[PDB]
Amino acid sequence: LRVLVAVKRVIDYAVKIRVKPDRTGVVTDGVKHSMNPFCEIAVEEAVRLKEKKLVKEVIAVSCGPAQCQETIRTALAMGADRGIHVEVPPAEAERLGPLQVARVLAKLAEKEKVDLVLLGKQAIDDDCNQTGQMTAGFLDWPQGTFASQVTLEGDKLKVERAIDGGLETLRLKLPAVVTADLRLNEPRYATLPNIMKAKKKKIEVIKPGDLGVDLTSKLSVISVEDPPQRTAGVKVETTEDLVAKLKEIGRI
């Protein structure tokens, strides 16, 4: 089997973001970036599938500007076989959404004859939780979203998914798309040997136009702003006082 894993470069999770004074978006220049944590989980699962000798080849893909290559290099270090960078200029990378990414992924999925597309369930920046579902939709493939367990069953996938009440289990006919929940696995640390190795591995650069993907968008950011400010309230000395206060404001 062949796997395509989509990995996104995003502002690092521990970062305090700053909104631009012009209100067009958040500051990203000079800010620490890293692989989206859900993407990392998707790469680790793809690699575990190879280690179980059920997957022959793992192809890592990132869509966006030059620095995505680092994100791809990271996936390669984690055990992906080769990379594709779908290059987009910085200005147009800002207009790049799930719709566009999903179109690219669907084209690559068909082009590279993949059996499974793995993604994170969401990107911690746009918080969309859309790409995997849309990719599946364009391909007419089944989707197993928010996966916490994946089991390959011949030409079929058994996926345990996180749902509001607990879990559920589905069986999908291959080819399929799966998006990874945080519970799925614990991504490995990429050792320096593995990183030096990954420098030998290949990255192909392509343009969305090369795939017949048009980037035109009918969505548009009007503005981006700070949410209301909320700072420290009051300290209470005793549990009795805490209960007293909550009762008098009518929350108990």
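Residues carry their position along the shown sequence, with the first being 1.
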Out of 37-45 and 181-189, which stretch has the higher average CA B-factor listed in the record? 181-189
54-62 versus 190-198: which one carries the higher mean Cα B factor per the record? 190-198
At the C-alpha atoms, which of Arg95, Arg103, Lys173, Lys121 reaches the highest B-factor in this entry? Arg95
Say you rank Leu157, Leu108, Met134, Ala162 by Cα B-factor from the PDB entry; which sits at the top? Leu157
Using the temperature factors of the C-alpha atoms in this entry, rank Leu116 within its chain: lowest, middle or highest third. lowest
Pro21 CA temperature factor, ranked by third within the chain: middle
Per the entry's values, where does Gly166 land by CA temperature factor relative to the rest of its chain, in the lowest, middle or highest third? middle
Tell me, lowest, middle or highest third: where does the Cα B factor of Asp81 rank within its chain? middle
Looking at the entry's B-factor column for C-alpha atoms only, identify whether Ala91 ranks in the lowest, middle or highest third of its chain. highest
